[PDB]
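K.L.:
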Amino acid sequence: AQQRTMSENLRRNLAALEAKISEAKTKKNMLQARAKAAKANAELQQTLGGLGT
Amino acid sequence: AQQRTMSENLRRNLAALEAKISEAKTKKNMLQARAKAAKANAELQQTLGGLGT
Amino acid sequence: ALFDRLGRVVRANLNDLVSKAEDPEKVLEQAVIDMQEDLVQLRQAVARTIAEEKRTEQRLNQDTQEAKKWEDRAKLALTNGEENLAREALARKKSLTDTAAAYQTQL
Amino acid sequence: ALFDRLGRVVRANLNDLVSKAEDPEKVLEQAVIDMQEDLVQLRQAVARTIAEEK
Amino acid sequence: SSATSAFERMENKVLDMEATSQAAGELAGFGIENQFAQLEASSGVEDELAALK
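Protein chains in written order, with the entry's author numbering: chain H, 109 to 161; chain F, 109 to 161; chain S, 2 to 108; chain C, 2 to 55; chain X, 162 to 214.
1. For C:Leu29, which residues in chain H fall below 7 Å Cβ to Cβ?
2. Please look up how many angstroms separate the CB atoms of H:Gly160 and S:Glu38, rounded, as I've assumed it's under 8 Å.
3. How is the alpha helix (DSSP H) around F:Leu125 delimited, first residue to last?
4. What residues from chain S crowd round H:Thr161, counting only those whose CB sits closer than 9 Å?
5. For the alpha helix (DSSP H) containing X:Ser204, name the first residue and the last one.
6. Please identify the residue among X:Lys174, X:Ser203 and X:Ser163 whose C-alpha is closest to the C-alpha of H:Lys144.
7. Quick one: is X:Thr181 buried, meaning 16 or more other Cβ sit within 10 Å of its Cβ, or exposed?
8. When the cut-off is 8 Å and only beta carbons count, does X:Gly186 lie next to chain A?
9. Give a yes or no on whether 8 Å exceeds the smallest Cβ distance from X:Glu207 to chain H.
10. To the nearest angstrom, report how far apart H:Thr134 and S:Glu30 are at their CA atoms.
11. Do the region 12 to 19 of chain C and the region 86 to 98 of chain S touch if we need at least three Cβ pairs shorter than 8 Å?
12. List the residues of chain F that S:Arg49 touches, going by C-beta distances under 8 Å, in chain order.
13. Less than 7 Å between C-beta atoms, sequence neighbours within five positions excluded: which residues of the same chain meet that for F:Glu151?
14. Whose CA, out of C:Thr50, C:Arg44, C:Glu53 and C:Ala52, lies closest to the CA of H:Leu125?
15. Measuring CB to CB, does C:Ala52 end up less than 8 Å from X:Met171?
16. Taking the straight line between their C-alpha atoms, what separation do you get for C:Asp24 and X:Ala167?
17. Specify, as a first and last residue, the run of the alpha helix (DSSP H) that X:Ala180 falls within.
18. Relative to the alpha-carbon of H:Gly157, which residue among X:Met178, X:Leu176, X:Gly186 and X:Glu169 has its alpha-carbon at the smallest distance?
19. Hey, does S:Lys69 have any beta-carbon neighbour from chain X nearer than 8 Å?
20. Quick one, which residues of the region 5 to 25 of chain S are near chain H if we go by CB-CB under 9 Å, in chain order?
21. Let me know the secondary structure DSSP gives C:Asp24 once reduced to three states.
22. Determine the extent of the alpha helix (DSSP H) in which S:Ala90 is found, giving its start and end residues.
23. Quick check on F:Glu126 - is its C-beta less than 8 Å from some C-beta in chain S?
24. Leaving out five residues before and five after X:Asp208 in sequence, what residues of the same chain have Cβ atoms less than 6 Å from its Cβ?
25. Smallest Cα separation from C:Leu40: which of H:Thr155, H:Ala109, H:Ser130 and H:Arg142?
26. What's the call for H:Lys136, buried or exposed, on a 16-neighbour Cβ count within 10 Å?
27. Since S:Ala52 meets chain X, which of its residues come closer than 8 Å, beta carbon to beta carbon?
28. State the CB to CB distance for the pair S:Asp64 and S:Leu86, rounded to an integer number of angstroms; the pair is presumed to be in contact (CB under 8 Å).
29. Do S:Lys55 and X:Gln183 have their C-beta atoms within less than 8 Å of each other?
30. Rounding to the nearest angstrom, what Cα-Cα distance links F:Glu116 and C:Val10 in this structure?
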């Protein structure tokens, strides 16, 4: 009983974390994507149509 | 009974402290925004002006 | 200030000497080259300040979004008879509400 | 108090120094690596817990 | 000093690169394609009616 009472609680905490890490993992990818997009986009404006040689 | 008396006094003090640190973090965000703006304006004045030899 | 006057002559002579080395057609272009550089950096500084204006909207909208879901959590707690949960949710809502004001002012 | 103040200054300089050393593309993905590495360890404990319960 | 703080720092950096891109656009100009596009649409449906009859 002692074991069931405590061990069900621990599973919940693992489950929450898992939700938490996977959240970061997916956002990681999309964040890298856009980051590359914004980065490249700035390079284009400044170098292509910029000012000051 | 004494430990419970100690615990809540530690909690109330800590909660207020975290609220101060929350203010300070928000305060930094504004102060940094102000610092950048103040700097940008000074250059503007110099570039739009003919100060210096 | 006889010495100071001598140091004045040194300044004047150097100024004349530099003005020999001022070559029409190159220094005039150079000055334009300087401006062009100055302008690009200053623009970028202005742009990165104008970026913060946009950041204030992001912070503020977000804080208000959480504030409403704390309150709608509190309603569920009150229906079930969960006092502490309801009150703590209200405290959470207010902290965000009053934070949001500070951002709006700033914006 | 000047020792501690100078420190504050030094910790700030070191914070900026590393702040630059950071590249989000590398760092963001390197933060995820850490999370995963930390999880695997917790899963191992839970693996033990489960067995012991059985 | 934690994976949470690392995630948030990098998250803010990407957001700032996006904010930097919006501004950069304003600097080098904003729109150009906006006016063009509204015209393309207008000539689109006008062309469609003409070719239809």
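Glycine included, C-beta positions come from ideal geometry on N, C-alpha and C.
P.N.:
Based on what the coordinates show:
1. Those within 7 Å of C:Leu29 in chain H are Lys136, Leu139 and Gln140.
2. Indeed they touch by this definition, with Cβ atoms about 5 Å apart.
3. Residue range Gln110 to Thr155 is occupied by the alpha helix (DSSP H) that includes F:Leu125.
4. Listed along chain S are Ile34, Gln37 and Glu38, each with a C-beta nearer than 9 Å to that of H:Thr161.
5. Segment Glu194 to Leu213, the alpha helix (DSSP H) holding X:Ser204.
6. Cα-wise, what sits closest to H:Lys144 is X:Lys174.
7. Counting Cβ neighbours within 10 Å, X:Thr181 comes out buried, since at least 16 surround it.
8. Looking for chain A here will not work: the only protein chains present are H, F, S, C and X.
9. False, the Cβ-Cβ gap to chain H never drops below 8 Å.
10. Each residue's alpha carbon lies about 52 Å from the other.
11. Flag = no, the region 12 to 19 of chain C and the region 86 to 98 of chain S do not touch.
12. Contact note: S:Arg49 reaches chain F through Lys144, using a C-beta cutoff of 8 Å and chain order.
13. Same-chain partners within the cutoff: there are none.
14. Of the candidates C:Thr50, C:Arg44, C:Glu53 and C:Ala52, the one whose C-alpha sits nearest the C-alpha of H:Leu125 is C:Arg44.
15. Against a cut-off of 8 Å, the Cβ pair of X:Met171 and C:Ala52 comes out as no contact.
16. Note on geometry: alpha-carbon atoms of C:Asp24 and X:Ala167 lie some 11 Å from one another.
17. First-last of the alpha helix (DSSP H) with X:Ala180: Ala164 to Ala189.
18. Closest in alpha carbon position to H:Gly157, among X:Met178, X:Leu176, X:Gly186 and X:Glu169, is X:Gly186.
19. No, S:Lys69 lies away from the interface with chain X (no Cβ there is under 8 Å from its Cβ).
20. Cβ contacts with chain H come from no residue of the region 5 to 25 of chain S.
21. DSSP, reduced to helix, strand and coil, places C:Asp24 outside both helices and strands of the structure shown, so it counts as coil.
22. Element bounds for S:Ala90: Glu84 to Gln107.
23. No, F:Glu126 lies away from the interface with chain S (no Cβ there is under 8 Å from its Cβ).
24. The beta carbon of X:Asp208 lies closer than 6 Å to none in the same chain, with the five residues before and after it left out.
25. The residue with the shortest Cα to Cα distance from C:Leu40 is H:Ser130.
26. Buried is the label assigned to H:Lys136, since at least 16 other Cβ atoms lie within 10 Å of its Cβ.
27. Ordered by position in chain X, the residues that pass the 8 Å Cβ test against S:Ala52 are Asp177, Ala180, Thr181, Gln183 and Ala184.
28. Beta-carbon to beta-carbon, S:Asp64 and S:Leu86 are separated by about 21 Å, too far to satisfy the 8 Å threshold.
29. In this structure, X:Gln183 lies closer than 8 Å to S:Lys55 by Cβ.
30. C-alpha separation (whole angstroms): 36 Å.
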